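Summary of the model geometry
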Amino acid sequence: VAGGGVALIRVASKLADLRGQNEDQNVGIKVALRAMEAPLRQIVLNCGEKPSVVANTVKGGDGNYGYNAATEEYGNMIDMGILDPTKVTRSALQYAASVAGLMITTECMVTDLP
Amino acid sequence: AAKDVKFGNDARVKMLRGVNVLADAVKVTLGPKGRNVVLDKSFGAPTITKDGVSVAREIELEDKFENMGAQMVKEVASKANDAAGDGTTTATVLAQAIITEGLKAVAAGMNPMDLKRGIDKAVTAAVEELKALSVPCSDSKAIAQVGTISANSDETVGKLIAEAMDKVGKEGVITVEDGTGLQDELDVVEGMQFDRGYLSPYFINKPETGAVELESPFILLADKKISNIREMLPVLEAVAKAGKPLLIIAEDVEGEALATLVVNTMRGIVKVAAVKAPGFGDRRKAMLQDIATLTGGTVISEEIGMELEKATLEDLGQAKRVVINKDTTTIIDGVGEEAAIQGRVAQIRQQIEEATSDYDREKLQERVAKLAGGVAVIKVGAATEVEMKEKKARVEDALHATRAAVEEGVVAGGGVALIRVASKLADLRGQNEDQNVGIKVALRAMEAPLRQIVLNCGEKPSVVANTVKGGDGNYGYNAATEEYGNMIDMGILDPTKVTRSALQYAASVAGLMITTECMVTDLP
Amino acid sequence: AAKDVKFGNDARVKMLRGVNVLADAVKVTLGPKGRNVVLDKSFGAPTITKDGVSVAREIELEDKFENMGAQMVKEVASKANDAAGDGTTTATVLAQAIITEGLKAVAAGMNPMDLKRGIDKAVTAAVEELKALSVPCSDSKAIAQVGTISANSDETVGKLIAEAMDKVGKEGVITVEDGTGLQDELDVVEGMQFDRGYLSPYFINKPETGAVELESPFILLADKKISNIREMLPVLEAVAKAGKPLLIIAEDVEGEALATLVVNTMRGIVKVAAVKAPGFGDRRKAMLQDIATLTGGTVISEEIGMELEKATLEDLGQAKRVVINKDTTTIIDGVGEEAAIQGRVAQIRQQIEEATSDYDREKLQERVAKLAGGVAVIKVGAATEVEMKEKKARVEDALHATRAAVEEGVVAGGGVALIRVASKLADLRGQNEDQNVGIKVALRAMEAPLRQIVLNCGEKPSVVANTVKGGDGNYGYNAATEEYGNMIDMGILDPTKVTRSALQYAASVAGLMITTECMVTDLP
Amino acid sequence: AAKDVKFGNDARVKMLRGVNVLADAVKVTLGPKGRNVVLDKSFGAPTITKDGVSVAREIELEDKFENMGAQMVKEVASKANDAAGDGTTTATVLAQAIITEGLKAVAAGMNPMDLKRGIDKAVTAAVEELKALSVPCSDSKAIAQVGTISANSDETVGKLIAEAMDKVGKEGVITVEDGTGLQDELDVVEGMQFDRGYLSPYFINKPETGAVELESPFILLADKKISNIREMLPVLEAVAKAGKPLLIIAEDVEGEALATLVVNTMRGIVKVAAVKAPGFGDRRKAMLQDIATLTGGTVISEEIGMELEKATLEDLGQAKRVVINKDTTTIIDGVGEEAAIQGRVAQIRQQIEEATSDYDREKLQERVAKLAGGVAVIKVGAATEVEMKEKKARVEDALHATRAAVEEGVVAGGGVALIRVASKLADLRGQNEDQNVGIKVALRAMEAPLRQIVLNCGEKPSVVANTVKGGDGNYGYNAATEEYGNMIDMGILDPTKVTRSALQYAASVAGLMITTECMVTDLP
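Residues numbered from 1 in each chain as written, not as in the entry; some residues may be left out. Chains lettered and ligands numbered in written order. Part of a larger assembly, values for the part shown. Heavy atoms only, no water.

**Notes on the overall build of chain B**
Where we set the bar: Helix numbering and strand numbering both begin at the N terminus, where a helix is a DSSP run of H or I of at least 4 residues and a strand a DSSP run of E of at least 2. With the radius of gyration taken over C-alpha atoms, the globule rule is written as 2.2 Å times the number of residues to the power 0.38. Buried, partly exposed and exposed residues are distinguished by accessible area as a fraction of the type maximum, computed with a 1.4 Å probe on protein chains only: under 20%, between the cut-offs, and over 50%, respectively. Contacts are assigned to residue pairs that have any heavy atoms within 4.5 Å of one another. Shrake-Rupley sampling with a 1.4 Å probe provides the accessible areas, and residues are treated as covered by the protein chains on show and by no other component.
Per the secondary structure count, chain B includes 20 helices and 19 strands. Relative to a compact globule of 524 residues, whose C-alpha radius of gyration would be 24 Å, chain B shows 26 Å and is just as compact. Taking the principal axes of the C-alpha coordinates as reference, chain B spans close to 70 × 60 × 60 Å. The buried share of chain B, taken over its 524 residues, is 52%. Considering only residue pairs separated by 6 or more positions, chain B has 75% of its internal contacts joining residues 24 or more positions apart. Surface summary for chain B: the accessible area is close to 23500 Å², and the carbon and sulfur share equals 48%.

**Let's talk about a nonpolar patch on the surface**
All names here are of chain A. Put simply, the test is: In this scheme, patches are assembled from residues that exceed 30% relative accessible area and form no salt bridge. Like charges are connected within 9 Å, while nonpolar side chains (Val, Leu, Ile, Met, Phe, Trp, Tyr) are connected within 5 Å. Salt bridges are identified by distance alone: a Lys or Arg side-chain nitrogen within 4 Å of an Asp or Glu carboxyl oxygen.
A surface patch of nonpolar side chains, about 220 Å² in accessible area, is lined by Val11, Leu15 and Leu18. On the secondary structure map, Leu18 appears in the loop between α1 (6-13) and α2 (23-35). Overall, the relative accessible area of 40% leaves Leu18 in the partly exposed class.

**Notes on the domain arrangement of chain B**
All names here are of chain B. Formally: For every domain, the bounds stem from an assignment made automatically or drawn from a database. Buried area: the sum, over both parts, of the accessible surface (1.4 Å probe) that disappears when the two are put together.
Along its sequence, chain B is carved into domain 1 (1-134 + 410-524), domain 2 (135-190 + 372-409) and domain 3 (191-371). For domain 2 versus domain 3, the distance between C-alpha centres works out to 27 Å. Contact residues are listed per partner, giving 12 residues for domain 2 and 16 residues for domain 3. Both sides together, the interface formed by domain 2 and domain 3 hides about 960 Å², and carbon and sulfur atoms give 52% of it.

**Quick notes on the interface of chain C and chain B**
Heads up, the condition is: Polar contact is the term for a pair of N or O atoms within 3.5 Å; when the atoms are in protein, one must be able to donate a hydrogen and the other to accept it, and sequence-neighboring residues count only if both atoms are side-chain atoms.
Contacts between chain C and chain B engage 44 residues on the former and 40 residues on the latter. Across the chain C to chain B interface the summed buried area is about 3200 Å²; carbon plus sulfur atoms make up 56%. At the surface where chain C touches chain B, the tally comes to 2 salt bridges. Residue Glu385 of chain C is joined to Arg196 of chain B by a salt bridge in which the shortest nitrogen-to-oxygen separation is 3.3 Å. The tally of links from chain C across to chain B stands at 10 residue pairs in polar contact. The element that contributes the greatest number of residues to the side of chain C that touches chain B is strand β2 (residues 36-39) of chain C, accounting for 4 residues.

**Observations regarding helix α10 (residues 281-295) of chain B**
Residues and elements named next belong to chain B. Going by this rule: Under the convention used throughout, the expected extent of a helix is 1.5 Å for every residue step, that is, one less than its residue count.
If you check α10, its first and last C-alpha atoms are 22 Å apart, about what 15 residues at 1.5 Å a residue would give, namely 21 Å. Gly281, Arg284, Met287, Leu288, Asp290, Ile291, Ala292, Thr293, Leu294 and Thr295 are the residues of α10 that are buried. Positive backbone phi, at 60°, marks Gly296, one or two positions downstream of α10.

**Describing the packing of aromatic side chains**
Quick reminder of the rule: Centre distance within 6.5 Å is the pairing criterion for rings of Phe, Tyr and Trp, where only the six-membered ring of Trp is used; planes under 30 degrees apart are then read as stacked, over 60 as edge-to-face, and the remainder as tilted.
For the structure shown, the criterion picks out 8 aromatic pairs over all chains. Ring centres of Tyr475 of chain B and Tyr484 of chain B lie 6.3 Å apart, and the angle between their planes is 25°; this geometry places the pair in the stacked category. Overall, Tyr475 of chain B belongs to the partly exposed group, its relative accessible area being 28%. Judged by its relative accessible area of 29%, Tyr484 of chain B is partly exposed. Taken together, the aromatic side chains of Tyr65, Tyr67 and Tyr74 of chain A make up a single cluster linked through ring pairs.

**Looking at the pairing of strand β1 (residues 65-68) of chain A**
Each regular strand carries side chains that alternate between the two faces of the sheet. Residue and element names in this part refer to chain A. To keep it simple, the criterion reads: Strand pairing requires that DSSP identify at least two bridges connecting the strands.
Sheet analysis places β1 next to strand β2 (residues 73-76), joined by 4 bridges and oriented antiparallel. In the sheet register, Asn68 faces β2, and the bridge partner there is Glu73. In this antiparallel pair of consecutive strands, β1 and β2, the connection spans 4 residues, and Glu72 shows a positive phi of 45°.

**Re the side chain of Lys6 of chain C**
Residues and elements named next belong to chain C. Tracing the chain through its elements places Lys6 in strand β1 (residues 3-7). A relative accessible area of 18% means that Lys6 is categorised as buried. Ignoring any residue separated from it by four or fewer positions in sequence, one finds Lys6 in contact with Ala11, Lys14, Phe65, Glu517, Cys518 and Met519.

**Examining the sheet that holds strand β1 (residues 3-7) of chain B**
Which entries qualify depends on this criterion: Fitted lines through C-alpha atoms serve as axes, helices being fitted only where they are in contact, and the angles separating the N-to-C directions of these axes extend from 0 to 180 degrees.
One open sheet holds the 4 strands; their spatial order is β1(B)-β19(B)-β2(C)-β3(C), and the pairing between them is mixed. Two strands close off the open sheet at either side, each with one partner strand: β1 of chain B together with β3 (47-49) of chain C. The mean angle between the axes of side-by-side strands here comes to 20°, regardless of whether they run parallel or antiparallel. Each of β1 and β19 (516-522) of chain B is contacted by helix α1 (residues 8-26) of chain B, which is oriented at about 105° to β1 of chain B, the strand it contacts most.

**Regarding the pattern of salt bridges**
Residue and element names in this part refer to chain B. Applying the stated rule across the entire model yields 101 salt bridges over all chains. Linking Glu177 and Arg321 is a salt bridge whose minimum nitrogen-to-oxygen distance equals 3.1 Å. With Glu177 in strand β4 (residues 174-178) and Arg321 in strand β12 (residues 317-324), this residue pair connects regions lying 144 residues apart in the sequence. Residue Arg321 is classed as buried on the basis of its relative accessible area of 12%. A cluster of three or more residues bridged by salt bridges with shared partners is formed by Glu177, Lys206, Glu213 and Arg321.

**Describing the arrangement of the chains**
No other pair among the 4 pairs of chains in contact exceeds the contact count of chains B and C. One finds no contact between chain A and chain C; the C-alpha atoms of the two approach each other to within 12 Å at their closest. One thing to see here is that chain B and chain D don't touch, and their nearest C-alpha atoms sit 14 Å from each other.

**Considerations on the sheet that holds strand β5 (residues 185-189) of chain D**
Sheets are built from strands paired through backbone hydrogen bonds, the pairs being either parallel or antiparallel. Residue and element names in this part refer to chain D. Pairing is mixed in the open sheet, where 3 strands are placed in the order β4-β14-β5. In this open sheet, the two edge strands, each paired with only one partner strand, are β4 (174-178) and β5. Averaged over all adjacent pairs, the angle separating strand axes in this sheet is 25°, with direction ignored. As paired strands, β5 and strand β14 (residues 375-380) are joined by 5 bridges and run antiparallel to one another.

**Brief notes about the nonpolar core**
Note the cut-off: Side-chain atoms within 4.5 Å link the members of a nonpolar core, which is a set of buried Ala, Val, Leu, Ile, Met, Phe, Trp, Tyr and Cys residues.
The biggest cluster of nonpolar side chains holds 77 residues, and the ones touching the most others in it are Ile98, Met446, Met513 and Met519 of chain B. By size, the runner-up hydrophobic cluster in this structure holds 74 residues, among which are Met15, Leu16, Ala105 and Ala445 of chain D.

**Observations regarding a negative patch on the surface**
Residue and element names in this part refer to chain B. Which entries qualify depends on this criterion: Neither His nor the chain ends contribute to the count of charged residues, in which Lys and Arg are positive and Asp and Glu negative. Here the site of a charge means NZ on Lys, CZ on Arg, CG on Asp, or CD on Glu.
A cluster of like negative charges, contributed by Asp82, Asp195, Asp327, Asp358, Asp360, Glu362 and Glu366, occupies part of the molecular surface. Topologically, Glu366 is positioned in the loop between α12 (359-365) and α13 (367-373). Exposure remark for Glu366: the relative accessible area of 38% places this residue in the partly exposed category.

**Considerations on the pairing of strand β16 (residues 475-478) of chain C**
All names here are of chain C. Bridge analysis of β16 against strand β17 (residues 483-486) gives 4 bridges, and the strand direction is antiparallel. Residue pairing in the sheet places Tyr475 in a bridge with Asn486 of β17. As consecutive antiparallel partners, β16 and β17 are separated by 4 residues, and within that stretch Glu482 has a phi angle of approximately 45°, a positive value.

**A few points about helix α7 (residues 155-168) of chain C**
Residues and elements named next belong to chain C. With 14 residues, α7 should cover 20 Å at 1.5 Å per step; its first-to-last C-alpha distance of 21 Å lies within 8% of that length. Those residues of α7 that sit buried are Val157, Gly158, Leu160, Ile161, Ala162, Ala164, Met165 and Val168. Summarising the contacts, the buried residues of α7 are in contact with α6 (140-149), β4 (174-178), β5 (185-189), α13 (367-373), β14 (375-380) and α14 (385-408). Count one or two residues on from α7 and you reach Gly169, which has phi positive near 90°.

**Remarks on the packing of helix α17 (residues 448-456) of chain B against helix α18 (residues 461-470) of chain B**
All names here are of chain B. Heads up, the rule is: Put simply, angles under 35 degrees are roughly parallel, angles over 145 are roughly antiparallel, angles from 65 to 115 are roughly perpendicular, and the rest are oblique. Handedness of each helix crossing follows the sense of rotation of the near helix against the far helix: counterclockwise by less than a right angle gives left-handed, clockwise gives right-handed.
Packing of α17 against α18 brings their axes to within 9 Å, and their N-to-C directions diverge by 135°. Taken together, the axes of α17 and α18 are oblique relative to one another. As for how α17 packs across α18, the hand of that crossing is right-handed. Along the contact surface, α17 presents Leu450, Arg451, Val454 and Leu455, while α18 presents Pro461, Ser462, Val464, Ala465 and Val468.

**Notes on the side chain of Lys33 of chain C**
Looking at the secondary structure, you find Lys33 of chain C in the loop between α1 (8-27) and β2. In contact with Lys33 of chain C, not counting residues within four places along its chain, are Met113, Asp114 and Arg117 of chain B together with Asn456 and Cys457 of chain C.

**A closer look at the packing of α1 of chain B against helix α4 (residues 88-107) of chain B**
Residue and element names in this part refer to chain B. The criterion, for reference: Each residue is assigned to one class: nonpolar for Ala, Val, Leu, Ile, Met, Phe, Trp, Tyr, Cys and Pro, charged for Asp, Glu, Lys and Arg, and polar for all the others, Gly among them.
Contact pair α1 / α4: the axes reach a minimum separation of 10 Å and the direction vectors enclose 150°. The orientation of α1 with respect to α4, classified from their angle, is roughly antiparallel. Note on packing geometry: the crossing formed by α1 with α4 is left-handed. For the pair formed by α1 and α4, the contact residues are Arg12, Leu16, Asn20, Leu22, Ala23, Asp24 and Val26 on the first element and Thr89, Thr92, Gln96, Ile99, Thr100, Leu103 and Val106 on the second. When its residues are assigned to classes, the contact of α1 with α4 shows 7 nonpolar, 5 polar and 2 charged.

See below:
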């Protein structure tokens, strides 16, 4: 799928309608979606860019329309040669979400005294 | 002397941090199930109130910067209350909203000057989209209804207001006084009202309304500036006698004279208030005369060798009661001869028969109006002095809401009017992505009032907001009975003029702060 | 008493550190998208302004040294505003630029006295290279156009100014007052104006413009110095009567007398202002007379046994209104007999027919000019007192910019005039590498104004600057519409006199500070 | 374990603060009026040196972060000395320069990744602009001249080098040993040299040059990795006998075996050094043979059931002397039969007559070269052992500078070569303003070396720099005689290869640090 973190940002803009059983769960959704923009927004940021402009632009298009941050030029990511094995993007996300979940649901920590 | 200066981001969080204290303290009194705020008072027992206006008056932080922030939204938010007689708490919770997301967007790197224009546009639109939602209100059948709703449903009050507006017109002048017992009284008396406020607070003696008030006072009409009390002594100490308070109307009062008076008002040595003559130029000189005629007595203009010394007690004017606001002076019942005044209007009309212009005509038939219209004076009556002072309070408030609906109509209350107007502009866009955010920020903010009212009621803000955004028109949510429906029909409304004001004003300051880069203040 | 002394490098960073606070606080206003600066005010609601002049007036740091630094660029930067009625913020952001790189170069080991000369050269050149870029402005078709652009495009104002200059000449005297209603009035009255300022601030009562102002005052003309009030009592308390303010014109007022008066002006016990007689020598004595004739009344010169005691009330002068600036006294409408004044000019002309010199001739036909030219008085009119006081403000400002264009022409605004002048001197060199740096520093600095205006607009300073440096003439960048082109044609200009001023002044102080090795101040 | 992490700006000043200690301590040695640096030594009398290399070896700060910074420029700066035999101090003062203004620009808000590219460009250019300024050096008339200048003008040394290069070619192999008395000796012996360094310092025993050195040692040629000493015991203790040091050449030595040996070298129980066989693949296997033939003895490859146990003493190789550097092994005088070796070259040439490729051909005629070229061995002679050990030092250094000129030519010394190259690129620009700064920073930096040499001489850096930037070519400033002119002619030059190196390397680390955002290190 499209690299440079766009694959995620696209998938996110496609689920704006998604909802859950109650307002909390909705936030739960909105939090995860908001988060999926991090990778891209950081790549951009590392490049001394304007994260918001570039993110909104990518969220505007459809498909693998991304932003080759290497040449500051938008277009199709796969054609430009910027991609990531779907398996890694899926993994990174599922895993991140796993630990994120666990910690958000932690109430107690036990450890050794210094 | 030495100052402290903060810049950009640093200086902004300080302001926000400050306004948050203001907004959060004042917004818990918002909405039917609003909570109490306990205002400790110097010596005595605290004050428990739910009046946002009172809570804001006291708020004032310690950090010089945070204060400015809070002090800034207060200056404007009160501007809304002074225009429609209500909607301060509203304008405040609004400004907090705009400001919060706005400064959030700035940190997000976006441009300030654009977020601003984007906001002012989203508002400019909401205001027109609001005039359309506005249900008219012209037949005295409606006046009597709005005045009623604006007084916990006392069909008496509504009627009273109406009977009055009927005697002097919607543009007339209506005054409220204490009754002489059970049963209400109403009638018009030779009076007048111009747009001039007190030349300084302090004179105020009815902080309940924030205005001055004088019984059977004297009116000093002098065409000239006054900065030296030495010209008052002759005809000022002669007023300490008779104990009759004195109203000075002159082109203006400055420094020495003014300060000297602002002093004596607290030191009880004579209670006098003075304000600027109305208008300017030759017209001011003429209007000064109108007043004199209407209140009996004469004007003291240098133009004819008259000095404030060669002025006895009869040269002075006199009426049965005056009332000064932050920007309004109104003379009630003038000693003026009901025959001489009729003669002055004679001239003014034979001066229109020589109106070699259009502007000149209006301004003249605008003067006969004041001088010939008179003033309606409602005297609230009740069973006991308490009930009465209370009712006179409700009437005074209903008389305010009424005039705001008669001017611009009314709209759904409970904060729905705004939330509707907002859902109607989701398509709205601007010149660039920043300006678009500017728009989306303002729209998002317009939900604050409702979402808070709901929140104060231990509800689910989101559910209730979406539901209201679903319907159309004045389909709202009477938070008092947890039941949706038409707001106007349920009796939950706000004079369009106050909702428009609260918004325009909140947006004003929000904009200014989002576009501030530097703050300068004193060192602690 | 005990002092603190800092030296060389140590003492310099302190100044810079100080001027930076001044410059940064004031420059965020620069250009179309300028931001607001919130100035906290003792008691009341803060003041939100974008006026660089107001922001600077308040800045004053705590560190005794840093202050001097900031206080130093303010003394000069204001000198520019007093000369062309504008360009203070500019001169400031300029001095920051020069100073920053300059002290940077000093640390770099280079010589200070050379960096200076290198800078003064780069400037001396920029000023001539600026007179050339200057588009003339002499036909009243242009006056009426500049006056217009200098007032948000009110073609009325421009016209008004022109009609005035047409009556008294480009060198005439134009005064602005309040109107007597709708419609403007203009006409010339027997008046005069000399180059003398108030003998002390405080007298000021219109801090809005920083000047004095007296209505139908009295003018005391005494040829002699005055340091003892004991000579005023007879003819000063006699002025407390009639309440008519008093203007004292004497060779000079010192200590006891002066202080004693500066006191009473705040204590309201009589509002009087006094200034030094014009010129010096025998001419001063003669001009004093001119004034007397023009304002009716007589001069009190010791030369003939006259004492300030044997002076009644008619011996005194009198006019309908006076106005004192930091360096200008102007008498408007003199009681003087329109027949006696005509007789004085008789002498002065029969005294030129005996002009055994050239200098002597000019100075005389220079007096008839003042005494015979009179003064033009514009009375701004508007619909309401508010609109009017506002318009009168715009006219007063346009009347200033106009006179600065009539004298030296106008050039492209938005800071391009400077950036152009800079790109034209890239070849310029001096006596040694240091002086060359001196040049390059000043040139680099002349881009600050534009680069800031652009920056305030969330732009890319570099792109925009290079582009402007690419073209030629008044090819600029209207930052208000993000579109390049001819600045004069787009209506974005600045009187050459102000741009020249801002630059010359900024360079002055920048030079002085770069050449400072020691600072002495009080111990905290 | 627990670590300390610093970020961005915070972490950068730490590095800089660190590298500054390094640079300032090392640069005060620069050029002829270079000062001394006193290096305290554990027990004994301090060491007074002007050798920047030695001063840097010792520098190592306490603050974990600052250290890294200093430790980072050292890693690279030494890389320059290892490539051209000189130019470390240079590369350091350079890196300080780039880094200082660079991080200064970052704080100025500019982009790091751009400053970098701008710098690398400015360099990429300076390198080509340097190859052009480079005066060739091919005729043995020049070699003998450069070798001379690179030895305080001992025309003997220069000649000696030349006579040698003449026998083995510019690409030959030249060795320097102690002489057998007065008079120098030179001759070629059956030897060889490959690009493999010691498998670990410590083995080093001539820290004066930082290399190993063995007299009439044994050479162990085994095609295989070795990590277990248990395979050495049989043929290692048999080497403790005869006391003849041992050189192990195997595919590689790891852990247990390696460590075990690095131990014994300090514990005197046998002095052996080992290095990796040359090349890789089948060629490595073949080259291993070449060595064996050349040094008499055989290879022990598992491929044919041979074990490091069934290996006597004659199976082992032997030569008259070896020398290992950080990346170079060189065998001098092999026991190998001058008749058998001639037979091996027989095969290698009849293997080229079957060269079904081009690559394959070069790599083969590259082997005969090593195996048939032999090694030139210069034996410095002098009057006394002292004079001699000293001269042998000079020759060893001149032999290095010479080879760096023979490869890439020579350019003006005293830091002018760089300052010239810099003034030639003033026009150079990049894709954006940041990159431009990147360029300007690198150029400004290239003046450091000269400006320091001058400074060490109590001169006026600026004057002298501008003067040199005025002229063209190798017009420099012999700081030794305060007289300008042609540097090459005056005898002040540097092998182009070292100047190019110092620059490329300095720029490398400078870049990396300017682009660092995070540092992680151990907690104190």
